[PDB]
Amino acid sequence: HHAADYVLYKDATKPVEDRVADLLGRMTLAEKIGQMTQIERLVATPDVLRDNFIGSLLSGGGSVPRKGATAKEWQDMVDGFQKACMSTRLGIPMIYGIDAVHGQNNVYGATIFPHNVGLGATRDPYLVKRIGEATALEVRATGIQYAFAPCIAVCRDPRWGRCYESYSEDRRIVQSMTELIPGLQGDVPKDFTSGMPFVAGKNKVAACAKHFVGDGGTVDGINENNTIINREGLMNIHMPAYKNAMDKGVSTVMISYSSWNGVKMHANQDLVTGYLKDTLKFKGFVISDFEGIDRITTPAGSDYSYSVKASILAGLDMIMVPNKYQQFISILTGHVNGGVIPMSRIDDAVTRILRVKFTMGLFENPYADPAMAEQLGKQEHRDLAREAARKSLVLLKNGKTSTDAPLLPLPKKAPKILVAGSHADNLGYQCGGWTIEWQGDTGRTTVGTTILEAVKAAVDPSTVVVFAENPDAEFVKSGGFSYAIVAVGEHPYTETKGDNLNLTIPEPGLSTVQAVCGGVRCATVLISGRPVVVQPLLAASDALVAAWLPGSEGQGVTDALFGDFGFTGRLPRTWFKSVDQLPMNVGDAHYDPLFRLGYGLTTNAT
Ligand SMILES: OC[C@H]1O[C@@H](S[C@@H]2[C@@H](O)[C@H](O)O[C@H](CO)[C@H]2O)[C@H](O)[C@@H](O)[C@@H]1O
Ligand SMILES: *[C@@H]1O[C@H](CO)[C@@H](O)[C@H](O)[C@H]1NC(C)=O
Ligand SMILES: *[C@@H]1O[C@H](CO)[C@@H](O)[C@H](O)[C@H]1NC(C)=O
Ligand SMILES: *[C@@H]1O[C@H](CO)[C@@H](O)[C@H](O)[C@H]1NC(C)=O
């Protein structure tokens, strides 16, 4: 279709499938295996990307060009990698992935949204769609085209360190929140075939339903462990939201480190090929988790030849190596050369990877748009995060007796008020894991508003606000305070570091609540990724709010505390009486919760 040097796959007017087949037909084995290889930016250089025909890069948690990097710095980094990839013989652009799981959270100045558990509390799928829309803009602000989200785990045991990444223990809630996908990617057209990948264009990103499948069902909530459940239970609890994701055109699916009845997901042909590809008709690409294939074996990485064979034969398309690319490429090349892995399997993997790239417009817009840089941390997106934080809050108690005056909403005008606790003025703590660093961090790690700052921004000018992180009982009794807001809870964590068999918040937390509430009426704001042992906190407190991990916009908390809006959040998980009960989920035979799934007190706006 026209000039003498015409190349069909480079023609933007041609159908995606024709472009895919045209390109695939021209590729060497090296070029094919290259597409299947995703590497960390930490090991990438122009020569590496060119010489190995690399298909993808990622930033893992905390993998950044430098701390405090601007959006333009990120764009320049990604574009530098892309220029190298576009200089190959075939000029196949790389796709760059990142964990943008509650905003573009590795990036300084990015809006940080509430984590998924709090979003489940909102029961507001359209809110979550809007969060996806805002997240896509902030990801593209940094030049990145691919977000490793949503996590559609159905966390069945809050001892899991990733429970906060699950919208709910109830698969119906998780299904509803798959609206994140068309937020990130754009809405699919009316005609759309379930299982096809979709991204609308350069202002949207590819999404990733993860981690397939049963990541939330592991024994005792042990991260990456074994999910022991029959097929009926897997299909009833852990699988449904993957079908919703297919219906919404999710572009990629990431495989879980976990096992199902002792079979590693990264080696499970029956589920990856038989079910996801052949039954759900998924036509996007399947990606490993980080060193996921290494962890097929015990010890991890002890037979990488086997890891490569098992994973590629199981049906994975792209391997998040992410560091030992030469070994990966060498081993896979050897397996193909030896007939151990057929060319049909390689061609399928590359077909899927190319399909996603062509579909999303990556060949037409391989480089960043400098005009998008200003999307990062945009006030409109912060306003959305503030709305989400407020809606996520679950009011658990509002008065010690049925006859007391309800404490909340608090008055904005009072002579003197106390703000206290380890979590009252700690932005990193209110964001939790996957914020700037992989595991999160403490203190003023990004741009945002702490609970203390939010209180100061909310109150009447005549109201004196005193901050004391851990005041003693005498300080409070002598202080002349009208009331106190005390914020405590969990420290940031991610993945296995968050696995926790006791679910008791660190001290000082309870001691501070007891000291404060003993001296003045108190509203306790509990920051956590999950239900934690709460009876002692409740006993001390006049009012108590489960605020989850609300993100950068602390004013969402004060919007409800001071009555600008009513409390509306409802528990998206069971609140247990004790950890000895676990696992214990809504619908179980011997269900004995402290607060049932769906529980939440309300207030009316002042
Ligand atoms: O970052 C890519 C994927 O990685 C793993 S987390 C990974 C971790 O396993 C590794 O030890 O450290 C990396 C960098 O700190 C993490 O990104 C997670 O399981 C996925 O959810 C995530 O999408
Ligand atoms: C589960 O965890 C135990 C204890 O660390 C470990 O020995 C076992 O191999 C794990 N099982 C799986 C399937 O990951
Ligand atoms: C609870 O477990 C966590 C994580 O395993 C640990 O850091 C903490 O010390 C434990 N707390 C108690 C009270 O045992
Ligand atoms: C809140 O409004 C509802 C609905 O009108 C009402 O039933 C309830 O009594 C109100 N509570 C307060 C404290 O105003």
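Numbering of residues begins at 1 and proceeds along the displayed sequence. What's counted below: heavy atoms across the whole structure, side chains too, no hydrogens, waters or symmetry copies.
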Quick one: disulfide (SG to SG under 2.5 Å) partners of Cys155, sequence neighbours excluded?
-> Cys163
Tell me, do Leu503 and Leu582 make a side-chain contact under 4.5 Å, heavy atoms counted?
-> yes
Straight-line distance of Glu374 CD to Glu138 CD, nearest 0.5 Å = 12.0 Å
Value for CD1 (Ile173) from CG (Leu597), rounded to nearest 0.5 Å, stands at 5.0 Å
Any idea which heavy atoms bring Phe562 and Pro411 closest together, and the distance?
-> CE2-O, 3.8 Å
Side-chain heavy-atom pair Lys210, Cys151 within 4.5 angstrom cut-off | yes
Out of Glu387, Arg382, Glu380, which residue meets the side chain to side chain contact (heavy atoms under 4.5 Å, CB included) rule with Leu384?
-> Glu387
Using the salt bridge (charged side-chain N to carboxylate O under 4.0 Å, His left out) rule, collect all pairs that involve residues 395-407, keeping only residues at least two apart or in two chains.
-> none
Carboxylate-amine/guanidinium contact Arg390 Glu553, below 4.0 Å = no
Smallest separation among heavy atoms of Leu538 and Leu396, with atom names | CD2-CB, 4.5 Å
Got a donor-acceptor contact below 3.5 angstrom from the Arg123 side chain to the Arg570 backbone?
-> yes
Atom CG in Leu271, atom CE in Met265: separation rounded to 0.5 Å?
-> 4.5 Å
Aromatic ring centroids of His211 and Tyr257 under 6.0 Å?
-> no
Going by heavy atoms in the side chains, are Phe576 and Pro531 under 4.5 Å from each other?
-> yes
Donor-acceptor side-chain pairing of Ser59 and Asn106 below 3.5 angstrom | no
Are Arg162 and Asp215 ion-paired here, with the side-chain N under 4.0 Å from a carboxylate O?
-> no
Taking side chain as C-beta onward, heavy atoms only, is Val476 less than 4.5 Å from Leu418?
-> yes
So, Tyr493 side chain and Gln439 main chain: donor-acceptor pair closer than 3.5 Å or not?
-> no
Mind jotting down which residue pairs meet the salt bridge (charged side-chain N to carboxylate O under 4.0 Å, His left out) criterion with at least one end in residues 447-470? Sequence neighbours excluded, please.
-> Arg444-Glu453
For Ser422 and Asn470, run side-chain hydrogen bond (donor to acceptor under 3.5 Å, both in side chains): C-alpha distance rounded to whole Å, both residues' side-chain angles, the deciding distance at 0.1 Å, then the answer.
-> CA-CA 7 Å; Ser422 53; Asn470 191 206; over 6 Å; no
Return each pair, listed once, that meets ring-ring contact (aromatic ring centres under 6.0 Å, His included) where at least one residue sits in residues 380-405; pairs must be two or more places apart or across chains.
-> none
Decide whether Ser251 and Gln185 meet the rule of one side-chain donor and one side-chain acceptor closer than 3.5 Å.
-> yes
Please determine which of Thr111, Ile98, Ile112, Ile436 meets the side chain to side chain contact (heavy atoms under 4.5 Å, CB included) test together with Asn105.
-> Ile112
With no hydrogens and no angle check, is any side-chain donor or acceptor of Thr142 less than 3.5 Å from a backbone partner on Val139?
-> yes
NZ/NE/NH1/NH2 to OD/OE distance under 4.0 Å, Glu169 and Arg573 = yes
For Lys391 against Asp124, the heavy-atom pair lying closest together | NZ-OD2, 3.0 Å
Passes side-chain hydrogen bond (donor to acceptor under 3.5 Å, both in side chains), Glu224 versus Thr218? Steps please.
-> CA-CA 7 Å; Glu224 308 188 12; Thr218 63; over 6 Å; no
Any chance NZ of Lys477 has more than 12 other-residue heavy atoms, nucleotides or ligands included, within less than 6.0 Å?
-> no
From CA spacing to verdict: side-chain hydrogen bond (donor to acceptor under 3.5 Å, both in side chains), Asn225, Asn223 | CA-CA 5 Å; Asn225 209 256; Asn223 188 220; over 6 Å; no
What residue among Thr606, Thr558, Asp564 forms side chain to side chain donor-acceptor pair (under 3.5 Å) with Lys412?
-> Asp564
For the residue pair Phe565 and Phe567, is the inter-centroid distance of their aromatic rings smaller than 6.0 Å?
-> no
Between CG of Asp99 and OG1 of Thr494, what distance do you get to the nearest 0.5 Å?
-> 9.5 Å
Answer yes or no: is there a donor N or O on one side and an acceptor on the other, between the side chain of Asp187 and the main chain of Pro182, under 3.5 Å?
-> no
Would a distance-only check, ignoring hydrogens and angles, find a side-chain to backbone donor-acceptor pair under 3.5 Å from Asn426 to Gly428?
-> yes
Closest heavy-atom contact between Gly109 and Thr446?
-> N-OG1, 3.0 Å
Quick one: list whatever passes side chain to side chain donor-acceptor pair (under 3.5 Å) with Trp438, sequence neighbours left out.
-> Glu495
Full working for side-chain hydrogen bond (donor to acceptor under 3.5 Å, both in side chains) between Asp247 and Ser194 | CA-CA 4 Å; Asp247 290 348; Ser194 178; 2.6 Å; yes
For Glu507 and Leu510, indicate whether the former's side chain and the latter's backbone hold a donor-acceptor pair under 3.5 Å.
-> yes
Listed partners of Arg596 passing salt bridge (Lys or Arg N to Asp or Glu O under 4.0 Å), at least two apart | none
Would you say the side-chain atoms of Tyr429 pair up with the backbone N or O of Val488, donor to acceptor, closer than 3.5 Å?
-> no
Does a donor on one side chain and an acceptor on the other come within less than 3.5 Å for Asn585 and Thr574?
-> no
Any sub-3.5 Å donor-acceptor pair from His115's side-chain atoms to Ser166's backbone N or O?
-> no
Centres of the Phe113 and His102 rings: under 6.0 Å?
-> no
Should the pair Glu490-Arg530 be classified as a salt bridge under the 4.0 Å nitrogen-to-oxygen rule?
-> yes
Quick one: pull up OG1 in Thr524 and NE2 in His423 and give me the separation to the nearest 0.5 Å.
-> 12.5 Å
Assess the side chains of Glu165 and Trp434: does a donor N or O sit below 3.5 Å from an acceptor N or O?
-> yes
Got a sec: does the CD of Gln379 have more than 12 other heavy atoms crowding it under 6.0 Å?
-> yes
Is it true that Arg159 and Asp499 make a salt bridge, defined as a side-chain N closer than 4.0 Å to a carboxylate O?
-> no
Mind listing the closest non-hydrogen atom pair of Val253 and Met246 along with its distance?
-> CG2-CE, 4.1 Å
Kindly check if the number of other-residue, nucleotide or ligand heavy atoms within 6.0 Å of CD (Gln535) is above 12?
-> yes
Does any N or O in the side chain of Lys413 come within less than 3.5 Å of the main-chain N or O of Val459, such that one atom is a donor and the other an acceptor?
-> no
Is it true that a side-chain atom of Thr450 and a backbone atom of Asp425 form a donor plus acceptor pair closer than 3.5 Å?
-> no
When every non-hydrogen atom of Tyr164 is compared with those of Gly161, the smallest separation belongs to CE2-O, 3.5 Å
Atom CZ of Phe148 and atom SG of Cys208: how far apart are they, to the nearest 0.5 Å?
-> 6.5 Å
